[PDB]
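Asker: The structure follows.
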Amino acid sequence: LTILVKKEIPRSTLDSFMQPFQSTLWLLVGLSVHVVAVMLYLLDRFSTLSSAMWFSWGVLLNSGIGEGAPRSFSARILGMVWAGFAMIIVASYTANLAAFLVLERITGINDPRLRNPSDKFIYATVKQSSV
Amino acid sequence: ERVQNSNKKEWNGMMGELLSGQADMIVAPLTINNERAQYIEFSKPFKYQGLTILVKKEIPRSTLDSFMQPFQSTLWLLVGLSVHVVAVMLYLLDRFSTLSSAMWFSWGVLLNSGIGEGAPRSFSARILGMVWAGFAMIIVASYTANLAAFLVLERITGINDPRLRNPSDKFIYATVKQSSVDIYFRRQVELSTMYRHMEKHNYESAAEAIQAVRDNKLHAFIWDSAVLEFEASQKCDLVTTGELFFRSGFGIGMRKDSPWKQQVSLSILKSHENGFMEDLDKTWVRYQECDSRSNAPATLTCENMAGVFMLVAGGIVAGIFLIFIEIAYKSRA
Amino acid sequence: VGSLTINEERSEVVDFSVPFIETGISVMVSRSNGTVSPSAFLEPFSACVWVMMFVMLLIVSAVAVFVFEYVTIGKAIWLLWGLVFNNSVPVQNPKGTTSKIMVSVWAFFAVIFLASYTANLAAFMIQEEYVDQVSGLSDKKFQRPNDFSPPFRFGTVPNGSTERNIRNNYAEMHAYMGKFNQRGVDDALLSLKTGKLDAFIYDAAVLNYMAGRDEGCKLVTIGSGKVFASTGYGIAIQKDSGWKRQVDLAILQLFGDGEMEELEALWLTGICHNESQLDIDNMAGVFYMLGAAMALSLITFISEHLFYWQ
Amino acid sequence: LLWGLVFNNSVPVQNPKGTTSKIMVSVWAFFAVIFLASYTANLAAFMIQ
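Residue numbers (the deposited numbering), protein chains in the order written: chain A, 559 to 605, 623 to 678, 683 to 710; chain C, 509 to 605, 623 to 678, 683 to 862; chain B, 510 to 579, 600 to 804, 811 to 845; chain D, 608 to 656.
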């Protein structure tokens, strides 16, 4: 003898089409891009100007878009930890994408759903049978 | 026990000294049984605990020794030979439609290092380079996943274990002689055979069996949780395995019908009321740890880096010699 | 017989039997969302790896000089950072084929490196457990709830033993809890599920049953089984009657036979007995590692006024 | 050009002229980073189950 139950739905993470955390996949990081571009502009100004964001996005997206390195080292040391931060957020995105994709019914007559009865579960068998 | 091969039952050890008038109170971790409480009055019993099993934790390793060698049997140099023969193939495709530099192109295709070369002029080499980069992405993704596989990847459970219920020679079991565990086992009939396997290996003190478990002469030990759970928190190499059998608490053993039997049953409860015992076991019991054995392999021990740094430590030495040979070639031709 | 605890306020009038079921004062916590660690996995790579990186990185300046002898001051580390963190930053390669070797070693160190750190991080963030944001009754949250946007709401049933125990240790606690009385156990669960109550305080055995008999098995109780005032159940009896010492024997005999674990099949068994990064805003530590550098870039800007004196 | 950035490689490739050409490659790079992190994700889910 054995027990028959109905399988559930459970979903895949298809509906997160590049939105697993789009609440907190913030545009605040893009504002951070813009203000560090303003900061590198001011560091290069008072020691290649309007193109700084076309540099910085090419730092971000691993796309070699055709710009020049900052001449001052004070912007370069910021770019070092900026690339380190970019590696950190892409690694965290990879791990949090894997977390969605790596992640219990009744067990016998010794289950308190079935041994101790209730209203939330309904049990039945064929009448006048061996069960 | 029945002693002197006669009709006399004396009480060994401490309780006989309580019965013989050597004392009038017992203040010790003394459990509550049906046989001792036949004529010895107890108190409200200090605590609530149970019996549990003590075993020795294993080694298990991390994957530090795979310093860039998880599969160095099959992390083949055959792929480098494949690099060399596809460089020869691109050379021949560019020749008979940038020559000696083709491997300095192709390695820069492989290692995501933009080393300063030119694209092949013919498209027939370019379509090979497309699927070559796709293959490079495939092998680096497989290496990442197989590195994660090493880093993402069972002891006895109660008296209902066939290692322990059905006895054998490969496991040795012991408890302290003349204790409450020997009473609980001789009382039970279903465990009688287990007790008959227990009769040839028992010990006389707690520390004897605790030291003997760590010397692998004794694979398991049975005692109370309120000592073994402390001992597995200080000598931090051993572990318990969960559930309890005989849930009780240590009580004060008194002589029968002493007049303090109403006082000490009050004051114990009073000490359970105003927060004294929580200060007491915070001072004495849960004051120290090493680490809770939740079996979390998700941790570091990236302590050593020797096998992965030794490749650059040999590269820095051999590179000046290869530079000297290269400039001797430049001077020659 | 029934559910009836043992204490001192009842032992003066009534005599008692042997303690009967281990219990105490516990606390049922809300069914909160899952949480990852409040920081990125910056645990001890900095002990060995992050410090070996600099000292094995800086040594190539000698060979970078030696290849130009037979471009090092600012360009060398600017090259050597771009390939270790997987970026096509526009960087001029060094001259000559003899300089091309060590970068080709460093790229293989990079691919081993980042695939290691992603590996360890991916091992770490799918095995870490949620940590119990409230612990113990001695916490400031369980003290006078002063500094808390809307503050903590403790539930209790105002007739019984736990009220008379809490009125003799923390007067202002129950003086605040007097506005938060409950009229039943299921009404306490319904008030906890609808956001009307933050935490509930009751006996250990009933709470440990209802933790195991909820339709979901979300978060239940603070810690695992940490009880405040550990006591027992019992059987009340006529004071100093002769029928006490017999039941005192017989109950211990029951403890001698193991029949409570045979009576476990009705008693306390259950379902789920401890068997999304909207909270990714815990990245403020690395944002502090951002803005600290945003300080230092000004600091170096100030020390870039030193050629005015030199 | 469009193969070198989708499979994460610094192949020596001349960028196109003008800032107006620079937009679609900057979209494609974000498609690449979504792409490879997807395929590594699904593969890493697949080979430990």
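No residue lacks a Cβ here, since even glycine has one placed at the ideal position from N, Cα and C.
(1) Between the Cα of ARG682 of chain B and those of B:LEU666, B:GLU692, B:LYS708 and B:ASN698, spot the shortest distance and give me the residue it belongs to.
(2) Name the two residues that bound the continuous beta strand (DSSP E) containing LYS564 of chain C.
(3) Provide the residue(s) that pair with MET533 of chain C in DSSP beta bridges, ordered along the chain.
(4) Helix, strand or coil: how does DSSP classify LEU767 of chain C here?
(5) Check whether the Cβ atoms of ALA758 of chain B and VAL749 of chain B lie closer than 8 Å to each other.
(6) What separation, rounded to the nearest whole angstrom, lies between the Cα atoms of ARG692 of chain A and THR686 of chain A?
(7) Indicate the three-state DSSP secondary structure (helix, strand or coil) for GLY684 of chain B in the structure shown.
(8) How far does the beta strand (DSSP E) with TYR731 of chain B in it reach, from first residue to last?
(9) Answer with buried or exposed for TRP584 of chain C, where buried requires no fewer than 16 other C-beta atoms within 10 angstroms of its C-beta.
(10) Going by DSSP, what residues sit across from residue 451 of chain C in a beta bridge?
(11) Starting from the Cα of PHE660 of chain C, find the closest Cα among C:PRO578, C:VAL594, C:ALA703 and C:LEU720 and give me that residue.
(12) Given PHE642 of chain B, which residues of its chain have a CB within under 7 Å of its CB, disregarding the five upstream and five downstream residues?
(13) Measure from the C-beta of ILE641 of chain D to each C-beta in chain C and report whether the shortest distance is under 8 Å.
(14) Considering only DSSP beta bridges, list what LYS517 of chain C is partnered with.
(15) For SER535 of chain B, report the span of its beta strand (DSSP E) as first-last.
(16) If we cut at 8 Å on Cβ distances, does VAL618 of chain D have a partner in chain C?
(17) Counting pairs of beta carbons, one from the segment 541-548 of chain B and one from the segment 722-734 of chain B, are three or more of them closer than 8 Å?
(18) Would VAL742 of chain C be called buried (16 or more neighbouring beta carbons within 10 Å of its own) or exposed?
(19) Can you look up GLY761 of chain B in the DSSP assignment and give me helix, strand or coil?
(20) Taking its Cβ as the centre, do 16 or more other Cβ atoms sit within 10 Å of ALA639 of chain B, making it buried, or is it exposed?
(21) Would you say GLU531 of chain B faces chain C, with C-beta separation under 8 Å as the test?
(22) Can you tell me the Cβ-Cβ gap for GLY752 of chain B and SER667 of chain B, rounded? I've got them flagged as a contact below 8 Å.
(23) Given a threshold of 16 other Cβ atoms within 10 Å of its Cβ, counted over all protein chains shown, does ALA857 of chain C qualify as buried or as exposed?
(24) For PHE630 of chain C and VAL560 of chain B, I'd like the C-alpha separation in whole angstroms.
(25) Does DSSP put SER645 of chain D in a helix, in a strand, or in coil?
(26) So, at 7 Å on beta carbons, what are the nonlocal neighbours of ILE695 of chain B in its own chain, with the 5 sequence-adjacent residues on each side left out?
(27) List, in chain order, every chain C residue whose beta-carbon is nearer than 8 Å to that of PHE614 of chain D.
(28) Using DSSP bridges, identify the partner residues of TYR732 of chain C.
(29) Would you grab the beta carbon distance between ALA644 of chain C and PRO623 of chain D for me? Rounded to a whole angstrom, and I think it's under 8 Å.
(30) Is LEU841 of chain B near the ligand ZN, judged by its Cβ being under 7 Å from some heavy atom?
(31) Using the C-alpha atoms, what's the distance from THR539 of chain C back to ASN695 of chain C?
(32) Which residue spans inside the segment 684-726 of chain B form an unbroken alpha helix (DSSP H) run of at least 4?
(33) Just to confirm, is the Cβ distance from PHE575 of chain C to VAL837 of chain C under 8 Å?
(34) Alpha carbon to alpha carbon, how far is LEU813 of chain B from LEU831 of chain B? Give it in angstroms, no decimals.
(35) Just the chain A side, please: which residues come within less than 9 Å of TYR823 of chain B by C-beta, in chain order?
(36) For a contact meaning CB atoms closer than 8 Å, what does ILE640 of chain C contact in chain B?
Answerer: Result, derived from the coordinates:
(1) B:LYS708
(2) 559-564
(3) C:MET783
(4) strand
(5) no
(6) 9 Å
(7) strand
(8) 728-732
(9) exposed
(10) Because residue 451 of chain C is not part of the residues shown, which for chain C are 509 to 862, the question remains open.
(11) C:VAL594
(12) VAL613
(13) no
(14) C:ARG510
(15) 534-538
(16) yes
(17) no
(18) buried
(19) strand
(20) buried
(21) yes
(22) Contact flag wrong, Cβ pair sits at about 13 Å.
(23) exposed
(24) 33 Å
(25) helix
(26) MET702 and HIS703
(27) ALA658, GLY659, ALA661 and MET662
(28) C:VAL705
(29) About 15 Å separates the two Cβ atoms, so there is no contact after all.
(30) Ligands are entirely absent from the displayed structure, and the ligand ZN is therefore not among its contents.
(31) 28 Å
(32) 690-695, 700-706 and 714-722
(33) yes
(34) 31 Å
(35) Per Cβ cutoff of 9 Å: no residues; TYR823 of chain B is ~12 Å from chain A at best.
(36) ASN622, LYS629, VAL632 and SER633
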